[PDB]
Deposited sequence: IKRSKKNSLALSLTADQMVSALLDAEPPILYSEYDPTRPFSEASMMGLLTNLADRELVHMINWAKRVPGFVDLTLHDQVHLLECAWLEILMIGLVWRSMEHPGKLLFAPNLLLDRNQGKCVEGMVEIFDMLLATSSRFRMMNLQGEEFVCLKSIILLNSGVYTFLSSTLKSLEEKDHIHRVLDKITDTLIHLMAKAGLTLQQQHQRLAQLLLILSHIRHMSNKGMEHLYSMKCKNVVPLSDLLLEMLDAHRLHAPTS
């Protein structure tokens, strides 16, 4: 039996909030004109450090610890870029037209031009951020959506009881989301409508990850920007 299923909705919210990773900083070199190699270096360095904190946060997601090691590996291998992106989108909400990669690394779509094929991913990220802004996405909802991505993105790729537990945890997070919306005063119809709107954005986040993964793969055999072994192994699992 899993302890995560015994949690109430409030206890689930507080566990997810308490597990939030910290906001990291980028290099403080203020050389303003970015080159392709310099910008991708900053983002690669930042992303590799965020990955380490993502693993600590995953182990703190209710139900994640009750899975085997290989299932945890599979779920994170499949979702790591999605999870990075929804975090980037979230902390970019209060900065319309910009992406807050770090408090000291705030970029617009013009700066995406420094890297080939990056402006398309920026525009999608900016579009998701604006969509989160227009819905007044709340932090309690954000931590639910991010956990859903972790458990859901890889659960259909368990090829050859464990998946039954993940879906039971996913149902818990759903109950937690509805509980958050009823607590915010939304009617029954507004509740399921908002539930649907939030979950449909995950399909777009998945789309963005797939485009981002191809962009990272092409940078690998460009060999211009060196990639950490951890990123190479996360990247390698998508082929």
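Residues 1-6, 167-172, 252-257 of the deposited sequence, counted from 1, carry no C-alpha coordinates in the model.
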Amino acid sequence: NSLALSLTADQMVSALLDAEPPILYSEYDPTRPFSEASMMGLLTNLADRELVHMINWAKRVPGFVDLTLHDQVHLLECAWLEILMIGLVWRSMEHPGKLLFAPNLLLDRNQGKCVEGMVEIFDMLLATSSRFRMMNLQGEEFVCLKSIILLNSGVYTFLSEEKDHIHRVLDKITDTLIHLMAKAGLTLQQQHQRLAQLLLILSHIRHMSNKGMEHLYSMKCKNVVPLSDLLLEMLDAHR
From here on, numbers count along this sequence of modelled residues.
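Take the two forms, superpose them, and find the largest set of C-alpha atoms that agree within 1.5 Å; that set is the rigid core.
In terms of root mean square C-alpha deviation after superposing on the rigid core in 8 other deposited structures of this protein, the stretch standing farther out between 9-17 and 211-219 is 211-219. Residue 93, present in the displayed chain, carries coordinates in each of the other PDB entries compared that cover both sides of it, far from a third leaving it out. In at least a third of the other PDB entries of this protein that model the residues around it, residue 160 has no coordinates. Across the two stretches, 169-177 and 28-36, the PDB entry reports the greater mean Cα temperature factor for 28-36.
For the two regions 58-66 and 201-209, the entry's Cα B-factors average higher over 58-66.
Between the residues 130, 104, 111, 153, it is 111 that shows the highest Cα B-factor in the PDB record. Note on 77, 82, 162, 140: the highest value goes to 162, judged by CA B factor as recorded.
When the modelled residues of the chain are ordered by C-alpha B-factor, residue 16 sits in the middle third. Residue 122: CA B factor in the middle third of modelled residues in this chain (values from the PDB entry). The deposited CA B-factor of residue 149 belongs to the lowest third of values across its chain. In the PDB entry, a CA B factor belonging to the highest third of its chain's modelled residues is recorded for residue 115.
Per the deposited record, the Cα B-factor of residue 93 falls in the middle third when ranked against the other modelled residues of its chain.
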